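In the structure tokens that follow, the same protein chain appears in two forms, which are kept apart as structure 1 and structure 2.
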Structure 1
């Protein structure tokens, strides 16, 4: 039961200084996607507008871009970017119901207004899926039906703003929404719309050479196997390895024999076909994903790729990156790393600039756990992987063999992922008795870190959630489960979430601080990408000297911890060279 005006022209009363606004984009990937309808709810009434009408009306465009005209929305970044593709600027967004719901409880997986409304028992709006349908049936409904839906979403947003802000304020998360997530949303919109330029001539040539190489390795595998088979079928592969070649079975999953990389690496001493298969699967992923999959999403006229940074998805406060994912481009092996030669500046005589925090999660552990030894080591900037090696091996720094340090590495992060003796033994391919001693020795050497792990788990049990430095929360209702596996997993989330989530908080603030300094100083440099603990920029070559000063400082000063934050940086002609 809800009255509204199905308008055929914009009127002055639609342009009030406070409104709920819906700019509807049905396609999941909102880059260059149709806007199918608009709804406005304000003190004067409820209005639906056809986009052809509204977006061509100079007063409505003026209103959209007037920062003093405040809009309440759901997923304002989607709207903002879709409008950028329509050549229209959206300003004055004061409340984003998507981000408010996300901060209240990321586990709800809220991704439409109806799901947010459910959190406050508000039911006068339908789910998007119920209106548009799914898969090949997905379609925009008849105008009267669309209009009612959009108007109901706007009225829900209108009514839900205060209840959500009130609950955020109670949680000490109001400033997290208003001063961190909402400002970041605008910075992400800019980054997404800018996109990253791709050197398609180079990428296509890499793909042509890769196809030939894959072919060679493929035939070698068939030769070694005595038979052709589909290497990319774990099922067929399992028959070859474990039935035909009779290699030991080290692990099974629900569907059959495991052929995971960890497993195959341990089989290398039995047959040379296993190293070839590992190489083949690496090369094939390069081909399928970073050559072919990437070329599929390049906008041909501009040679740019435009990712979407999902800001309201991860359980810890990280971003994710989709279609394409530009946060998992290869780097570890030179063979894959060369993909980065295809990512280039968007203008002649510009360069790529990349800065990353060094061991931010470990410096966060040090802060939160107030562990003296760990804090001391970072204060002197003693190498952290060598410090741990000296303790779990019980030797002086000058006795830390190359492999001892690398063994201490995986212990160092492994502790922050809740690693068991079994897992550490499987990782380093070492004695499980020794793996247990390594862990034992670590926690006796970093008693503060040990105290934290015990304390944070007890807190999770008492409160039902854990929190980050800037008051992000994660609820862990399974932490008291009687089931060992369920409970143990939740305890590891209790240990890790405050650390990963705090590191996310810090880089988000650094992004907001950096943008502000860039704009103030009128630098042409701008952000392209965030990769969890790294920021990627492009800028004219003349600005490198400045950025070498500005970017590391901003990132290092974003928060003040009990240990220093450290940032490394490099630049060059392609992402590879940075």
Structure 2
């Protein structure tokens, strides 16, 4: 039902100046993964190529790297990175159907061509899972079946490009795609392929010592409990705490007794076993995830880890980071923070440079809500996190520890994003009336924010979606539900998404501007990581002075708001030291 050539060699007609291109990588983690097949669809016909054929043909390789030869793809970053691992540069990607579908509606969870195609009632392609199978049954099918699938995917991209661009234009999102997300994709591809170097000697020594410490805490816990049990089974743990030791039950979940850190912290006055358990579970997570799990994904020959930044996943426009997640490396406790000493520059005499947007979503909220007082606070370069700390812990500015500020930061974001009096009371261990009064006072200090939150909820109910500064969208079809719980959750999404998503838009634009300023000054400095509102680079030590000016300035100027943007920055020999 669809004609195509199963080609034995590369012909000139396959190398047109516009094409849909499929470079198929079936492994979920595309780093150093097999390319199983190629398809090309263009004005001259539909072609399947074996990867041995195409990728060793010098003309096809040249065409791939020719920016003036334009390609329409789905998940071009997967292709771009897989090719880099095969020693080949991919340029000229002018349309990415994955990113287009993502901007139109992030809730569709589009993660294959078929699922994008569904959005325009296009049915002439199968889901990837139907062709490859799942789990231990997953396999590349016979060549004629594989070839048809890949050609059908390229034909779908070829046919769907205009319908998608048209819809993006109608939503005023086409610039978001072509000027922001697509260029960002190429930058993320570079960062992923570069990787981050790990000091495995230091990481292994930390793990050996951690295992000893864990053994000691484990035995103390068994002593306090009067018996051995699996501390990592909330179930067995629940029996020890709430049945054997008869501690109060402060919370249940659908499977039994809660032992969350929130709960255990509240039980600390009753038995010393609870603080030990909290510490054990922290140390246990460092072991399982940031030592052992990390070492499992280190590429042994180069000592590098290569994350994947998922650019079409979150509902607000943030990125996420997988295998490993390098956006949740410990920082808040010194014990955990030492893991960062194992993240080092990739060359001798280079350093790590880290830059973080100050009070980012508060600044964004001040702009969007046009709250006079909040705007005024940022024009005076106040620190709203430190101020809230002073207020809660009734201490002076000088007496506010970095830890009280972290706690106050949670209070600030919690309040603006709809925390209840119950929730704040449980967090601060104050009565509910006092919590309610604290929130009352807070919105009296920031009345524009209060009005803005009331109004964005109403707007969402009327339109069925909310939007960000650069026209990102999130639909909220639950926002008129008769069910209180369902409706309330959607209401809080309406409060949060525009602010978090607008901050995501800002850092994304900052990465594009920054990458261009680095390349034009021919600096060796390059991006390693994005951590939501932070950028991490490495550079020769001689470039530090330049970066100290360039990076904060580019980040601060990415967008112009009604309040200043401000960036904190540091550098050092390891990620730990870049503080």
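Shifts are known only where both forms have a C-alpha. Numbering follows the first chain given and starts at 1. Between two forms, the rigid core is defined as the largest C-alpha subset superposing within 1.5 Å.
Peer 1: Treating the motion between the two structures as two rigid parts rotating, tell me which of 144, 381, 282, 318 is at the hinge.
Peer 2: The listed residue located at a hinge is 381.
Peer 1: If the larger rigid part is held fixed, by how many degrees has the smaller part turned between the two structures?
Peer 2: The computed domain rotation is 41 degrees.
Peer 1: Check the Cα of residue 418 between the two structures on a core superposition and give its shift in Å.
Peer 2: In the core superposition between the two structures, the C-alpha of residue 418 moves 1.5 Å.
Peer 1: Can you read me the CA shift for residue 392 between the two structures, rigid core superposed, in Å?
Peer 2: Spelling it out: core superposed, C-alpha of residue 392 shifted, distance 8.8 Å.
Peer 1: Give me the C-alpha shift of residue 409 between the two structures, core superposed, in Å.
Peer 2: Comparing the two forms, residue 409 shifts 4.0 Å at C-alpha.
Peer 1: Core-aligned, C-alpha shift of at least 2 Å, runs of at least 3 residues: can you list them between the two structures?
Peer 2: The segment that shifts (3 or more residues, C-alpha shift of 2 Å or more) is 385-411 alone.
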